[PDB]
Amino acid sequence: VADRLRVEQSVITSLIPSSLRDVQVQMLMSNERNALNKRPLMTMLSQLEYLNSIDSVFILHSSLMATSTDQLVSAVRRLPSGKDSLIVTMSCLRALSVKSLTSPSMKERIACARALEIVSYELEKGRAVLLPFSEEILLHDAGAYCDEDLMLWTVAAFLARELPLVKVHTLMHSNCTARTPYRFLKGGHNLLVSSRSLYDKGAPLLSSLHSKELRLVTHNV
Amino acid sequence: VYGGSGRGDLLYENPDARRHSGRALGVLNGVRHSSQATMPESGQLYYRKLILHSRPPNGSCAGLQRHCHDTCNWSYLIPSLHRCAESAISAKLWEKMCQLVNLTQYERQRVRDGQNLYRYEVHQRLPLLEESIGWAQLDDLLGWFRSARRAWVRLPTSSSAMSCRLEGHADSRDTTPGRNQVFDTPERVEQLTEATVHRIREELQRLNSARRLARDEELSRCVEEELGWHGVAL
Amino acid sequence: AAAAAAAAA
Amino acid sequence: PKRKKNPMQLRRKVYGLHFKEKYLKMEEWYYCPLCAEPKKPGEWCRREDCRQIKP
Amino acid sequence: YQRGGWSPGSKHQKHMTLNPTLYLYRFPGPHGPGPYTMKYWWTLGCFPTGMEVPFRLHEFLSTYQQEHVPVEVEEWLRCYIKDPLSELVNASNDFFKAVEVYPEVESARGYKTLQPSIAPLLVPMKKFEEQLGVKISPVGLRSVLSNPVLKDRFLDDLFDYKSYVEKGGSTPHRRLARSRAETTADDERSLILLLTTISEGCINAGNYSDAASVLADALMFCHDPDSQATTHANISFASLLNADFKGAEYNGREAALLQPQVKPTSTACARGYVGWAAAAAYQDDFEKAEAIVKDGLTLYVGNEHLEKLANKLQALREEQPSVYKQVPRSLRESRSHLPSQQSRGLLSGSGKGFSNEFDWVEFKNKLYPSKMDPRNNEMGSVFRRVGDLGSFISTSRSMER
Ligand code: FES
């Protein structure tokens with residue numbers, strides 16, 4: 001997948017849009033242009049239109065495979081339906097690799113290695129979606145540090161703000177603290193954020209952490 | 001789009017319109033504010049998202065626990081088109097047309113309806129076929145050509161039904177995002193035809209006992225006759 | 001030459 | 001026998017422990033080495049070998 | 001007094017004065033007849049109340065009108081039955097087409113791809129089974145098609161069978177007509193090979209009973225001594241895996257008896273000896289197993305299977321001194337060790353609280369309560385409470401009976 005991404009980087013960069021807001025407006029304008037008279041690697045920003053067409057989107061998380069890969073196997077089984085998509089992040093892959101190479105639990109290590117293999121195969125076949133580090137830079141807030149959890153929640157907030165009709169589920173371990181962003185991932189009482197900052201196009205994506213609306217629109221399944 | 005017809009679904013369903021209902025809706029499951037009693041604000045992206053995602057999983061969609069179906073598989077998409085053509089045109093009529101323009105008005109209208117239905121089905125299945133080109137199979141691509149022939153639609157290789165785009169002024173067409181509309185249907189179908197021809201060529205090159213000899217002979221004869229009928233070579 | 005039939009005539 | 005109950009008032013019993021012990025219990029078992037049937041420890045068959053030696 | 005509706009279907013209580021009613025023991029409800037009323041319908045012929053009017057017009061139409069046929073039509077239908085040879089040829093053609101068009105499994109990395117369901121293969125399989133008098137296992141076919149090598153070894157055999165049948169050869173039909181002697185023909189050999197491939201797929205899947213049945217059908221078809229020996233060896237192995245020791249031993253003995261009719265190059269005789277020895281070992285007769293292995297070695301010295309089995313028996317013999325003898329003749333078969341035996345016990349095992357000797361007892365063809373069981377006059381048996389019908393006292397005890 002690394003070699004494929006390097007080969008197909010130019011197409012991905014050309015297809016990635018300039019602005020990440022008013023995505024619905026941009027899609028409508030593209031549709032109007034089309035109405036008026038091969039396949040590269042699938043990534044979120046280049047394939048936003050594909051994601052918009054898709055009905056369900058599962059965001060992968062490293063903690064999901066703390067013990068077994070059954071849930072990831074279920075997600076990839078759901079993938080070929082054509083109506084569902086899977087989103088994996090570079091931060092998620094990094095977390096999987098580091099915890100497979102360092103976690104004291106042998107079950108966790110083997111499960112994470114198997115998950116890496118499965119994700120690699122799915123990306124190779126193109127049925128999955130990848131969010132490289134460059135796209136993470138483009139998407140994440142201006143000057144916000146993002147780990148796996150923060151990157152996952154920024155992706156969820158972007159999908160909920162620019163592609164509302166796509167139903168966003170999150171695959172993660174029930175013990176993970178990222179399941180409740182407004183309870184654990186919160187920057188304190190900030191006067192510049194409110195419950196409507198999720199829908200505020202100009203506001204940073206992470207402002208949605210302070211409110212339950214992000215959790216309202218994102219389902220942990 | 002979650003609870004209703006999605007990407008490759010054939011059934012046309014307007015989720016906002018309460019069609020296919022025997023009751024006047026009294027309770028709206030997806031409600032965010034009490035004001036939505038008299039101002040539901042349906043159509044707005046966020047509230048419509050809430051309502052549609054609150055809708056239960058119908059037959060088209062599948063629950064998170066129920067095992068889904070690989071609808072995006074070429075080996076399933078092609079036989080779907082073949083079955084569509086078979087249902088549209090009866091075996092007797094297909095045999096009569098192959099033997100043979102002297103046809104009954106009912107039979108002519110049946111053929112036209114079959115061609116229209118096949119075109120609509122191709123339009124609906126186009127994204128799935130495009131996604132499944134990569135891992136398709138030679139038998140299924142030959143079946144694609146056979147299904148087109150049976151439906152009697154000549155693919156636009158550059159009667160004929162794909163070559164002419166559907167009527168409608170560009171200022172009124174449904175350009176709304178999230179709906180799998182293919183405005184450039186003839187161009188997309190021509191690209192798909194070229195891609196499947198190239199895929200067949202690659203599969204034959206990769207492939208290059210009595211059973212296997214006979215299989216190769218029949219496959220070559222089929223490929224030849226079907227491509228000749230559709231106006232393609234190699 | 002006879003068989004048991006459910007109904008006759 | 002004085003007032004109707006609501007779903008949560010009915011679900012109090014499943015919240016309790018007696019309901020779980022009476023209804024929601026899983027039995028631990030194993031395959032008998034002799035008859036190869038599911039078997040719970042402490043209970044055996046009437047076969048001669050089972051009676052003589054009790055798996 | 002009156003609390004609910006006046007109709008009998010109303011729930012709450014009523015009183016005789018206000019809402020007098022007839023004695024309706026049990027009648028259907030608002031949502032249609034229930035299982036209890038339908039049991040009454042089938043047993044007594046009408047609902048227990050008796051006020052209902054029996055009405056089985058639909059049942060009559062389903063059964064009697066459908067099965068009614070006049071004498072002349074019944075006589076001419078047999079003569080107008082279809083052509084068996086052409087029907088078999090068409091069945092083989094469509095079955096081969098369906099198998100060939102069956103998609104190949106994608107070899108995914110990191111997990112096991114689900115094998116595509118076989119929807120269109122069943123009807124061709126059903127007609128092929130009907131025509132050939134054989135029964136193919138859907139699980140076996142699924143496994144054969146999923147495996148790439150087995151898929152080719154099945155397709156080639158099926159194509160050969162089709163070619164030889166189209167060439168005018170129907171060995172089973174010709175043999176049956178002649179019987180109404182020779183050796184196995186090419187068509188019959190191809191059919192046997194196809195059935196053996198299906199059985200191998202069944203064994204790979206884990207359906208040893210289906211494998212054994214398919215191999216038994218193949219044995220029925222075959223007539224050559226070498227084919228008989230090979231099929232007997234295969235059936236013995238299948239029965240060993242399926243936990244059918246008597247069948248395994250019988251098939252192994254038959255193969256070892258057919259040994260002389262087979263050429264030296266074949267190994268079916270050694271396979272049959274190995275199967276017989278394994279059946280003896282599972283029956284826990286180590287002396288018999290060792291003797292059989294010794295005979296097999298004396299026959300074919302150097303056989304890998306015989307050497308492996310001899311080594312295993314030697315290890316068991318070295319372990320035996322711990323017991324100082326063999327398993328006592330008292331049990332001689334008690335221990336169960338096969339996954340097939342475990343599955344059989346899970347399925348047909350007498351469950352706790354039902355399907356036991358205390359829940360229902362199966363008489364000749366009927367279900368009885370434990371108290372009416374004619375196999376034991378236990379303390380819960382009605383037979384105990386009878387005694388001294390009038391002929392003679394019949395028992396010394398003088399307290400009951
Ligand atoms: S064999 Fe299992 S209880 Fe006796």
# chains A, B, ... in the order shown; residues from 1 in each chain; ligands from 1

$ residues_around --residues "residue 131 in chain B" --least-positions-apart "5" --cutoff "9 Å" --atoms "only C-alpha atoms" --output "list in words"
residues 39, 82, 126 and 127 of chain A; 72, 73, 74 and 126 of chain B

$ residues_near_ligand --ligand "ligand 1" --cutoff "12 Å" --atoms "only C-alpha atoms and all ligand atoms" --output "PyMOL selection string"
(chain D and resi 29-55) or (chain E and resi 333-337+341-342+345-346+349-352)

$ write_last_selection --atoms "N, CA and C atoms" --output "compact mmCIF listing (two decimals), in the first residue's frame"
# COMPACT_ATOMS: atom_id res chain seq x y z
N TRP D 29 -20.33 -27.46 31.47
CA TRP D 29 -20.47 -28.85 31.09
C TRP D 29 -19.21 -29.30 30.37
N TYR D 30 -19.18 -30.58 30.01
CA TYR D 30 -18.08 -31.15 29.24
C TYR D 30 -18.59 -32.40 28.54
N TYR D 31 -17.80 -32.88 27.59
CA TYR D 31 -18.14 -34.11 26.88
C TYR D 31 -17.73 -35.31 27.72
N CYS D 32 -18.68 -36.18 28.02
CA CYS D 32 -18.39 -37.35 28.83
C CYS D 32 -17.36 -38.22 28.12
N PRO D 33 -16.30 -38.66 28.80
CA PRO D 33 -15.29 -39.48 28.13
C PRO D 33 -15.83 -40.81 27.63
N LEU D 34 -16.94 -41.30 28.17
CA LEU D 34 -17.48 -42.60 27.78
C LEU D 34 -18.53 -42.47 26.68
N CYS D 35 -19.62 -41.74 26.94
CA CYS D 35 -20.70 -41.61 25.98
C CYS D 35 -20.52 -40.41 25.05
N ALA D 36 -19.54 -39.55 25.30
CA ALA D 36 -19.26 -38.40 24.44
C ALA D 36 -20.47 -37.48 24.31
N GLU D 37 -21.34 -37.48 25.32
CA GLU D 37 -22.49 -36.60 25.37
C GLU D 37 -22.22 -35.42 26.29
N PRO D 38 -22.93 -34.31 26.11
CA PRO D 38 -22.82 -33.22 27.08
C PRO D 38 -23.19 -33.72 28.47
N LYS D 39 -22.45 -33.26 29.47
CA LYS D 39 -22.59 -33.79 30.81
C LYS D 39 -22.15 -32.73 31.81
N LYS D 40 -22.89 -32.64 32.91
CA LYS D 40 -22.55 -31.74 34.01
C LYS D 40 -21.92 -32.53 35.14
N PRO D 41 -20.83 -32.06 35.75
CA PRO D 41 -20.19 -32.85 36.81
C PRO D 41 -21.16 -33.14 37.95
N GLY D 42 -21.06 -34.36 38.48
CA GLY D 42 -21.92 -34.81 39.55
C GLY D 42 -23.12 -35.61 39.11
N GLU D 43 -23.43 -35.61 37.81
CA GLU D 43 -24.55 -36.36 37.26
C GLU D 43 -24.03 -37.30 36.18
N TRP D 44 -24.52 -38.54 36.19
CA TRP D 44 -24.00 -39.58 35.32
C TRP D 44 -25.17 -40.32 34.69
N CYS D 45 -24.86 -41.39 33.96
CA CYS D 45 -25.84 -42.19 33.24
C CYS D 45 -26.17 -43.45 34.03
N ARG D 46 -27.05 -44.26 33.47
CA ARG D 46 -27.37 -45.57 34.03
C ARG D 46 -26.62 -46.70 33.34
N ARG D 47 -25.75 -46.39 32.39
CA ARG D 47 -24.94 -47.41 31.75
C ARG D 47 -24.02 -48.06 32.77
N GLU D 48 -23.68 -49.33 32.53
CA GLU D 48 -22.90 -50.08 33.51
C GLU D 48 -21.55 -49.43 33.76
N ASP D 49 -20.86 -49.03 32.69
CA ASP D 49 -19.54 -48.42 32.85
C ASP D 49 -19.65 -47.09 33.60
N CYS D 50 -20.67 -46.29 33.28
CA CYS D 50 -20.86 -45.03 33.99
C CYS D 50 -21.13 -45.25 35.47
N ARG D 51 -21.96 -46.24 35.80
CA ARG D 51 -22.24 -46.53 37.20
C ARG D 51 -20.98 -46.98 37.92
N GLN D 52 -20.20 -47.87 37.30
CA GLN D 52 -19.00 -48.38 37.97
C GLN D 52 -17.97 -47.28 38.16
N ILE D 53 -17.65 -46.56 37.09
CA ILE D 53 -16.76 -45.40 37.15
C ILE D 53 -17.57 -44.19 36.70
N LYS D 54 -17.58 -43.15 37.52
CA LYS D 54 -18.44 -42.00 37.28
C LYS D 54 -17.62 -40.84 36.74
N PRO D 55 -17.71 -40.50 35.44
CA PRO D 55 -16.98 -39.35 34.93
C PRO D 55 -17.50 -38.03 35.48
N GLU E 333 -15.23 -51.28 25.18
CA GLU E 333 -15.55 -50.24 24.22
C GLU E 333 -15.97 -48.92 24.86
N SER E 334 -15.92 -48.80 26.18
CA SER E 334 -16.63 -47.71 26.85
C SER E 334 -16.14 -46.35 26.38
N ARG E 335 -14.83 -46.13 26.41
CA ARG E 335 -14.30 -44.79 26.16
C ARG E 335 -14.65 -44.32 24.76
N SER E 336 -15.07 -43.06 24.66
CA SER E 336 -15.35 -42.41 23.39
C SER E 336 -14.37 -41.27 23.20
N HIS E 337 -13.78 -41.17 22.01
CA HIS E 337 -12.68 -40.25 21.76
C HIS E 337 -12.76 -39.50 20.44
N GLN E 341 -18.14 -38.84 17.42
CA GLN E 341 -18.89 -39.35 18.56
C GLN E 341 -19.40 -38.21 19.43
N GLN E 342 -18.58 -37.18 19.63
CA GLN E 342 -19.03 -36.03 20.43
C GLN E 342 -20.21 -35.34 19.77
N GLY E 345 -23.30 -37.48 20.21
CA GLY E 345 -23.81 -37.35 21.56
C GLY E 345 -24.52 -36.03 21.79
N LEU E 346 -23.97 -34.95 21.24
CA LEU E 346 -24.61 -33.65 21.38
C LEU E 346 -25.97 -33.63 20.69
N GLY E 349 -28.09 -37.19 22.03
CA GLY E 349 -27.94 -37.50 23.44
C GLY E 349 -29.20 -37.21 24.22
N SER E 350 -29.44 -38.02 25.25
CA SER E 350 -30.61 -37.85 26.09
C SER E 350 -30.43 -36.61 26.97
N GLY E 351 -31.15 -35.54 26.64
CA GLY E 351 -31.03 -34.32 27.40
C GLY E 351 -31.62 -34.42 28.79
N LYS E 352 -31.19 -33.50 29.65
CA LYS E 352 -31.69 -33.44 31.02
C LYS E 352 -33.03 -32.72 31.02

$ select_by_dssp --residues "range 16-221 of chain B" --states "helix (DSSP H, G or I)" --output "MDAnalysis selection string"
chainID B and resid 34:37 45:54 74:88 91:99 105:132 138:151 185:207 210:221

$ interface_residues --of "chain E" --to "chain B" --cutoff "10 Å" --atoms "only C-alpha atoms" --output "ChimeraX atom specification"
/E:100-104,106,116,152,155-160,163

$ write_last_selection --atoms "N, CA and C atoms" --output "PDB file, in the first residue's frame"
ATOM      1  N   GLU E 100     -19.114 -25.094 -13.609  1.00  0.00           N
ATOM      2  CA  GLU E 100     -18.089 -24.306 -14.283  1.00  0.00           C
ATOM      3  C   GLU E 100     -18.275 -22.819 -14.016  1.00  0.00           C
ATOM      4  N   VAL E 101     -19.520 -22.332 -14.074  1.00  0.00           N
ATOM      5  CA  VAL E 101     -19.774 -20.910 -13.841  1.00  0.00           C
ATOM      6  C   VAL E 101     -19.758 -20.546 -12.367  1.00  0.00           C
ATOM      7  N   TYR E 102     -19.667 -21.524 -11.473  1.00  0.00           N
ATOM      8  CA  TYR E 102     -19.548 -21.215 -10.055  1.00  0.00           C
ATOM      9  C   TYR E 102     -18.302 -20.364  -9.819  1.00  0.00           C
ATOM     10  N   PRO E 103     -18.419 -19.221  -9.145  1.00  0.00           N
ATOM     11  CA  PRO E 103     -17.256 -18.341  -8.992  1.00  0.00           C
ATOM     12  C   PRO E 103     -16.191 -18.952  -8.098  1.00  0.00           C
ATOM     13  N   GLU E 104     -14.947 -18.549  -8.341  1.00  0.00           N
ATOM     14  CA  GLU E 104     -13.834 -19.003  -7.523  1.00  0.00           C
ATOM     15  C   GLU E 104     -13.685 -18.120  -6.289  1.00  0.00           C
ATOM     16  N   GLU E 106     -12.084 -15.883  -3.474  1.00  0.00           N
ATOM     17  CA  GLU E 106     -10.988 -14.926  -3.402  1.00  0.00           C
ATOM     18  C   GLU E 106     -10.126 -15.238  -2.184  1.00  0.00           C
ATOM     19  N   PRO E 116     -18.858 -18.437  -1.449  1.00  0.00           N
ATOM     20  CA  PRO E 116     -20.176 -18.036  -1.951  1.00  0.00           C
ATOM     21  C   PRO E 116     -21.171 -19.182  -1.858  1.00  0.00           C
ATOM     22  N   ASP E 152     -10.773 -28.834  -9.911  1.00  0.00           N
ATOM     23  CA  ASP E 152     -10.343 -29.334 -11.213  1.00  0.00           C
ATOM     24  C   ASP E 152     -10.529 -30.843 -11.316  1.00  0.00           C
ATOM     25  N   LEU E 155     -14.212 -31.268 -11.985  1.00  0.00           N
ATOM     26  CA  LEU E 155     -14.667 -30.816 -13.295  1.00  0.00           C
ATOM     27  C   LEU E 155     -14.215 -31.761 -14.399  1.00  0.00           C
ATOM     28  N   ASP E 156     -12.959 -32.212 -14.351  1.00  0.00           N
ATOM     29  CA  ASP E 156     -12.479 -33.119 -15.389  1.00  0.00           C
ATOM     30  C   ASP E 156     -13.255 -34.430 -15.369  1.00  0.00           C
ATOM     31  N   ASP E 157     -13.510 -34.969 -14.175  1.00  0.00           N
ATOM     32  CA  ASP E 157     -14.280 -36.204 -14.072  1.00  0.00           C
ATOM     33  C   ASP E 157     -15.695 -36.014 -14.597  1.00  0.00           C
ATOM     34  N   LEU E 158     -16.329 -34.889 -14.259  1.00  0.00           N
ATOM     35  CA  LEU E 158     -17.683 -34.642 -14.740  1.00  0.00           C
ATOM     36  C   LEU E 158     -17.710 -34.512 -16.257  1.00  0.00           C
ATOM     37  N   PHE E 159     -16.716 -33.830 -16.831  1.00  0.00           N
ATOM     38  CA  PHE E 159     -16.662 -33.694 -18.282  1.00  0.00           C
ATOM     39  C   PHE E 159     -16.455 -35.046 -18.953  1.00  0.00           C
ATOM     40  N   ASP E 160     -15.587 -35.885 -18.385  1.00  0.00           N
ATOM     41  CA  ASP E 160     -15.399 -37.223 -18.935  1.00  0.00           C
ATOM     42  C   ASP E 160     -16.688 -38.028 -18.857  1.00  0.00           C
ATOM     43  N   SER E 163     -18.976 -36.823 -21.602  1.00  0.00           N
ATOM     44  CA  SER E 163     -18.552 -37.276 -22.922  1.00  0.00           C
ATOM     45  C   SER E 163     -18.890 -38.747 -23.126  1.00  0.00           C
TER      46      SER E 163
END

$ residues_around --residues "residue 2 in chain C" --least-positions-apart "2" --cutoff "12 Å" --atoms "only C-alpha atoms" --output "PyMOL selection string"
(chain C and resi 4-5) or (chain E and resi 70-72+75)

$ write_last_selection --atoms "N, CA, C and O atoms" --output "short mmCIF file (atom, residue, chain, number, x, y, z; two decimals), in the first residue's frame"
data_model
loop_
_atom_site.label_atom_id
_atom_site.label_comp_id
_atom_site.auth_asym_id
_atom_site.auth_seq_id
_atom_site.Cartn_x
_atom_site.Cartn_y
_atom_site.Cartn_z
N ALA C 4 -58.15 -49.57 -7.20
CA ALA C 4 -58.87 -48.80 -6.19
C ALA C 4 -58.69 -47.32 -6.50
O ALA C 4 -57.61 -46.75 -6.31
N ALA C 5 -59.75 -46.69 -6.99
CA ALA C 5 -59.74 -45.28 -7.36
C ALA C 5 -60.57 -44.48 -6.37
O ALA C 5 -61.60 -44.95 -5.87
N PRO E 70 -57.83 -40.74 -12.90
CA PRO E 70 -58.60 -41.84 -13.48
C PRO E 70 -57.69 -42.97 -13.95
O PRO E 70 -56.47 -42.82 -14.11
N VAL E 71 -58.31 -44.13 -14.16
CA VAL E 71 -57.55 -45.35 -14.46
C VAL E 71 -56.76 -45.18 -15.74
O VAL E 71 -55.58 -45.56 -15.82
N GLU E 72 -57.39 -44.64 -16.79
CA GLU E 72 -56.72 -44.53 -18.08
C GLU E 72 -55.51 -43.60 -18.00
O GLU E 72 -54.44 -43.90 -18.53
N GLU E 75 -52.74 -45.23 -16.23
CA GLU E 75 -52.12 -46.27 -17.03
C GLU E 75 -51.21 -45.70 -18.11
O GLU E 75 -50.17 -46.28 -18.43
#

$ interface_residues --of "chain E" --to "chain C" --cutoff "12 Å" --atoms "only C-alpha atoms" --output "list in words"
residues 60, 63, 64, 65, 66, 67, 68, 69, 70, 71, 72, 73, 74 and 75 of chain E

$ closest_residue --among "A:10, A:56, A:19, A:69" --to "chain E" --atoms "only C-alpha atoms"
A:69

$ residues_around --residues "residue 115 in chain B" --least-positions-apart "3" --cutoff "8 Å" --atoms "only C-alpha atoms" --output "PyMOL selection string"
chain B and resi 111-112+118-119+151-153+161

$ write_last_selection --atoms "N, CA, C and O atoms" --output "tab-separated table (two decimals), in the first residue's frame"
chain	number	residue	atom	x	y	z
B	111	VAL	N	-40.51	-5.76	-25.70
B	111	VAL	CA	-39.08	-5.61	-25.94
B	111	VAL	C	-38.61	-4.22	-25.55
B	111	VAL	O	-37.55	-4.05	-24.94
B	112	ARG	N	-39.39	-3.19	-25.91
B	112	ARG	CA	-39.00	-1.83	-25.55
B	112	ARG	C	-38.98	-1.64	-24.03
B	112	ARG	O	-38.06	-1.02	-23.49
B	118	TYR	N	-33.65	-2.65	-18.53
B	118	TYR	CA	-32.24	-3.00	-18.51
B	118	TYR	C	-31.37	-1.75	-18.41
B	118	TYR	O	-30.37	-1.74	-17.69
B	119	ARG	N	-31.73	-0.69	-19.14
B	119	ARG	CA	-30.97	0.55	-19.05
B	119	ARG	C	-31.03	1.12	-17.64
B	119	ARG	O	-30.01	1.56	-17.09
B	151	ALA	N	-30.80	-8.86	-23.37
B	151	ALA	CA	-31.65	-7.69	-23.23
B	151	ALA	C	-31.83	-6.95	-24.55
B	151	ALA	O	-32.74	-6.12	-24.66
B	152	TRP	N	-30.99	-7.24	-25.55
B	152	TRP	CA	-31.10	-6.68	-26.89
B	152	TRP	C	-30.61	-5.25	-26.96
B	152	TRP	O	-30.92	-4.53	-27.91
B	153	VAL	N	-29.83	-4.81	-25.97
B	153	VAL	CA	-29.26	-3.48	-25.94
B	153	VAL	C	-27.82	-3.57	-26.43
B	153	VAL	O	-27.01	-4.31	-25.87
B	161	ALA	N	-30.13	1.74	-27.20
B	161	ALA	CA	-30.79	2.54	-26.18
B	161	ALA	C	-29.84	3.31	-25.28
B	161	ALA	O	-30.23	4.35	-24.76

$ residues_around --residues "range 21-28 of chain E" --least-positions-apart "5" --cutoff "8 Å" --atoms "only C-alpha atoms" --output "ChimeraX atom specification"
/E:16,33-34,37,47-49

$ select_by_dssp --residues "range 4-173 of chain A" --states "strand (DSSP E)" --output "mmCIF file with N, CA, C and O atoms, in the first residue's frame"
data_model
loop_
_atom_site.group_PDB
_atom_site.id
_atom_site.type_symbol
_atom_site.label_atom_id
_atom_site.label_comp_id
_atom_site.auth_asym_id
_atom_site.auth_seq_id
_atom_site.Cartn_x
_atom_site.Cartn_y
_atom_site.Cartn_z
ATOM 1 N N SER A 56 -23.281 4.203 5.225
ATOM 2 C CA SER A 56 -22.695 3.978 6.538
ATOM 3 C C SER A 56 -21.177 3.999 6.434
ATOM 4 O O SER A 56 -20.603 3.467 5.481
ATOM 5 N N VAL A 57 -20.532 4.620 7.418
ATOM 6 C CA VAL A 57 -19.080 4.738 7.460
ATOM 7 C C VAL A 57 -18.613 4.353 8.856
ATOM 8 O O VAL A 57 -19.015 4.982 9.841
ATOM 9 N N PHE A 58 -17.757 3.338 8.940
ATOM 10 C CA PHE A 58 -17.210 2.867 10.206
ATOM 11 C C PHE A 58 -15.794 3.406 10.366
ATOM 12 O O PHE A 58 -14.919 3.110 9.546
ATOM 13 N N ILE A 59 -15.570 4.182 11.420
ATOM 14 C CA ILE A 59 -14.240 4.694 11.724
ATOM 15 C C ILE A 59 -13.526 3.697 12.622
ATOM 16 O O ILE A 59 -14.011 3.364 13.713
ATOM 17 N N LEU A 60 -12.370 3.213 12.172
ATOM 18 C CA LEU A 60 -11.614 2.207 12.901
ATOM 19 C C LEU A 60 -10.793 2.850 14.012
ATOM 20 O O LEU A 60 -10.340 3.991 13.895
ATOM 21 N N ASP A 84 -21.611 0.414 2.530
ATOM 22 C CA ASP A 84 -20.857 0.725 3.735
ATOM 23 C C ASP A 84 -19.388 0.905 3.385
ATOM 24 O O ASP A 84 -18.887 0.333 2.413
ATOM 25 N N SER A 85 -18.701 1.712 4.191
ATOM 26 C CA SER A 85 -17.290 2.003 3.983
ATOM 27 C C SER A 85 -16.565 1.968 5.321
ATOM 28 O O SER A 85 -17.169 2.127 6.382
ATOM 29 N N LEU A 86 -15.254 1.747 5.254
ATOM 30 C CA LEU A 86 -14.396 1.695 6.429
ATOM 31 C C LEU A 86 -13.301 2.741 6.293
ATOM 32 O O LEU A 86 -12.639 2.822 5.254
ATOM 33 N N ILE A 87 -13.107 3.535 7.343
ATOM 34 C CA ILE A 87 -12.123 4.611 7.350
ATOM 35 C C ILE A 87 -11.046 4.281 8.372
ATOM 36 O O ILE A 87 -11.329 4.161 9.572
ATOM 37 N N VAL A 88 -9.809 4.157 7.889
ATOM 38 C CA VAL A 88 -8.634 3.939 8.718
ATOM 39 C C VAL A 88 -7.731 5.156 8.575
ATOM 40 O O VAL A 88 -7.605 5.743 7.499
ATOM 41 N N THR A 89 -7.095 5.530 9.681
ATOM 42 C CA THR A 89 -6.253 6.714 9.736
ATOM 43 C C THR A 89 -4.794 6.313 9.899
ATOM 44 O O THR A 89 -4.479 5.233 10.409
ATOM 45 N N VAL A 129 -10.887 2.664 3.115
ATOM 46 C CA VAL A 129 -10.505 4.059 2.948
ATOM 47 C C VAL A 129 -9.343 4.361 3.880
ATOM 48 O O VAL A 129 -9.314 3.919 5.033
ATOM 49 N N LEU A 130 -8.377 5.123 3.371
ATOM 50 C CA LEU A 130 -7.200 5.505 4.135
ATOM 51 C C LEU A 130 -7.146 7.021 4.237
ATOM 52 O O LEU A 130 -7.614 7.737 3.349
ATOM 53 N N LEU A 131 -6.571 7.504 5.338
ATOM 54 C CA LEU A 131 -6.406 8.935 5.592
ATOM 55 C C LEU A 131 -4.931 9.176 5.890
ATOM 56 O O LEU A 131 -4.512 9.165 7.057
ATOM 57 N N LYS A 167 -24.172 8.033 7.802
ATOM 58 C CA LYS A 167 -24.281 7.570 9.182
ATOM 59 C C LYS A 167 -22.912 7.082 9.635
ATOM 60 O O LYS A 167 -22.376 6.114 9.086
ATOM 61 N N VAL A 168 -22.352 7.743 10.642
ATOM 62 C CA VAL A 168 -20.989 7.490 11.093
ATOM 63 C C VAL A 168 -21.054 6.632 12.349
ATOM 64 O O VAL A 168 -21.577 7.061 13.382
ATOM 65 N N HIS A 169 -20.524 5.418 12.259
ATOM 66 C CA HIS A 169 -20.314 4.556 13.411
ATOM 67 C C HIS A 169 -18.831 4.521 13.751
ATOM 68 O O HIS A 169 -17.972 4.785 12.907
ATOM 69 N N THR A 170 -18.535 4.193 15.005
ATOM 70 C CA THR A 170 -17.164 4.139 15.491
ATOM 71 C C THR A 170 -16.903 2.765 16.085
ATOM 72 O O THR A 170 -17.655 2.313 16.954
ATOM 73 N N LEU A 171 -15.841 2.106 15.626
ATOM 74 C CA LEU A 171 -15.456 0.798 16.136
ATOM 75 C C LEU A 171 -14.306 0.980 17.119
ATOM 76 O O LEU A 171 -13.200 1.359 16.721
#

$ residues_around --residues "residue 183 in chain B" --least-positions-apart "2" --cutoff "7 Å" --atoms "only C-alpha atoms" --output "tab-separated table (two decimals) with N, CA, C and O atoms, in the first residue's frame"
chain	number	residue	atom	x	y	z
A	34	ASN	N	-21.28	18.16	-14.35
A	34	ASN	CA	-21.44	16.88	-15.03
A	34	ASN	C	-22.72	16.84	-15.85
A	34	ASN	O	-22.72	16.32	-16.97
A	35	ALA	N	-23.82	17.37	-15.31
A	35	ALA	CA	-25.08	17.38	-16.04
A	35	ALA	C	-24.96	18.22	-17.31
A	35	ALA	O	-25.45	17.82	-18.37
B	181	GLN	N	-26.50	9.36	-8.99
B	181	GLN	CA	-26.97	9.72	-10.32
B	181	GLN	C	-25.80	9.78	-11.29
B	181	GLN	O	-24.75	10.37	-10.99
B	185	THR	N	-24.35	8.86	-18.64
B	185	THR	CA	-24.58	7.41	-18.72
B	185	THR	C	-23.94	6.78	-19.95
B	185	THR	O	-23.26	5.75	-19.80
